[PDB]
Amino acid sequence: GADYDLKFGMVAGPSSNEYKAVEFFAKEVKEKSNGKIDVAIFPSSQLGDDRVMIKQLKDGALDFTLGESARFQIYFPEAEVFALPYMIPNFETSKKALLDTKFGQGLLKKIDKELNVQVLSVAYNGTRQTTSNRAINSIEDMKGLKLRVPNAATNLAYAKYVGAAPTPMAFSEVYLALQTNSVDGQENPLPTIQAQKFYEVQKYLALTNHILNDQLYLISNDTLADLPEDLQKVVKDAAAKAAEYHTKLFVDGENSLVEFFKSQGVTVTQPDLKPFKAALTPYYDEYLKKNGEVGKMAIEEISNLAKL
């Protein structure tokens, strides 16, 4: 078969838009390399979660993974800006904030230099909404709600600041937790709610619109070093096409999925978001205290972009 047998790990499962785009990536790479590269895919946290996988890219033990810009906060806390709730208004602002600002370029350089990882392309992974086993009519209904979050500082802070009881748990554990009422809710973009069938086990959806997720196609520098230049170019080009498809999948899913969910019996609320935004405002201050002048710059540059 192939000269290069590469591995691509992800948290998302095999019915997800992420998996659809990663399968497209693997196909494009096999075709354009003339069969010289073959890509195996390990979804559903088969290799661990995304923190483990990012570490495996760093260590040269895994070739590819997906990760949010914001996830880099586990190494470079200033990256948290990408996840601060209600701070980034759309994908265009997120992508330009990473690629076209001095802050973002500085962060990409650190990732390459210190973590041994290159960003191949940037995709949209949806805006997070809140499912539950009780109606969320306003921020008041968050109070004491047992809200699963991923194992991520910003989602923990979101739950805390709205009044909820944050319960961190790996993605792979969520469906059972919802089904059994071990937690009262969780929070994820619409397409994820569909792919994991969380709508099967949650009677309610609230459009809290709280955190916008991007999605980085990541490659280990050890992988790039293992590939000849012309196959490096194949990989880079394929990642560019896959990200565009990935983003389209999420945009078209978001535009359609509330109606789908209603048709499956889900009750869909639209709480006033003004008090959600006000509740999180002070967490921006925590960010600024933790990250100093780099943090300040990040927020100014995003503000300027959002203004366009």
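Start at 1 and count along the sequence shown; that's the residue number.
S.K.: If you average the Cα B factors in the entry, which is higher, 208 to 216 or 132 to 140?
M.R.: Stretch with the higher mean C-alpha B-factor: 132 to 140.
S.K.: On average, are the C-alpha B-factors higher in 83 to 91 or in 122 to 130?
M.R.: Comparing averages over the C-alpha atoms only gives 83 to 91.
S.K.: Quick one: which of 65, 267, 256, 46 shows the highest Cα temperature factor in the PDB entry?
M.R.: Among 65, 267, 256, 46, the PDB entry lists the largest C-alpha B-factor for 256.
S.K.: Where does residue 169 sit by CA temperature factor within its chain: lowest, middle or highest third?
M.R.: Middle third - that is where residue 169 ends up once the chain's C-alpha B-factors are sorted.
S.K.: What third of the chain, by the recorded C-alpha B-factor, contains residue 163?
M.R.: Answer is middle: the recorded C-alpha B-factor places it there.
S.K.: Sort the modelled residues of this chain by their C-alpha B factor and say whether residue 199 lands in the lowest, middle or highest third.
M.R.: It falls in the top third of the chain.
S.K.: How does the C-alpha B factor of residue 55 compare with the rest of the chain: lowest, middle or highest third?
M.R.: Within its chain, residue 55 is a middle-third residue by C-alpha B-factor, going by the deposited values.
S.K.: If you rank the chain by CA B-factor, which third does residue 223 end up in: lowest, middle or highest?
M.R.: For residue 223, the deposited C-alpha B-factor lands in the lowest third.
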